[PDB]
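Here is what each chain is made of, one letter per residue.
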Amino acid sequence: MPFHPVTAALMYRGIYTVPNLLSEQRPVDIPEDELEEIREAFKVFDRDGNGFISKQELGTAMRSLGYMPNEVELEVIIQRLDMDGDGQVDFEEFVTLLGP
Ligand SMILES: [Ca+2]
Ligand SMILES: [Ca+2]
């Protein structure tokens, strides 16, 4: 058997090589090529690079898009992502809300 993950569970003998090309054929799913964009974005704004983004740091991210938040606003925006309550936002928390 090939080390290749997932090959074909069906197909007894009398069959070309097509499994389900009459239903969907080509699969629909954005390649991780888009995921790497998630990091480089908010991750670079992390001046400490500790892997977490604080309020003062996140305040530099929003302004970049064209939304400059005040010292009073960047506080309520960070609590929207920070569900665990660590003062900073973790990759995962932001990676899920970035997708379906
Ligand atoms: Ca930081
Ligand atoms: Ca958090």
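Residues numbered from 1 in each chain as written, not as in the entry; some residues may be left out. Chains lettered and ligands numbered in written order. Heavy atoms only, no water.

Per the PDB record, this model was obtained through solution NMR.

## Some words on the UniProt feature "binding site: Ca(2+) 2" in the protein chain
Just so we agree on the cut-off: UniProt positions are given in the numbering used here, feature names are shortened, and annotations may be inferred rather than shown by experiment. Numbering goes from the N terminus for both helices and strands, where a helix is a DSSP run of H or I of at least four residues and a strand is a run of E of at least two. Note on definitions: a residue-residue contact is assigned when non-hydrogen atoms from the two residues lie within 4.5 Å. Here a polar contact means two N or O atoms within 3.5 Å. Within protein one must be a hydrogen donor candidate and the other an acceptor candidate, and residues neighboring in sequence count only if both atoms are side-chain atoms.
UniProt annotation of "binding site: Ca(2+) 2" refers to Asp82, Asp84, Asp86, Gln88 and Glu93 when read in the numbering used here. On the secondary structure map, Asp82 appears in the loop between α3 (74-81) and α4 (91-96). Apart from residues no more than four positions distant in its own chain, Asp82 is found in contact with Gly87, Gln88, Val89 and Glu93. Here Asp84 shows up in the loop between α3 and α4. Excluding anything up to four places from it in sequence, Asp84 contacts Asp90 and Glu93. Within the structure, the side chain of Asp84 is placed 3.2 Å from the backbone nitrogen of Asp86, a separation counted as a polar contact.

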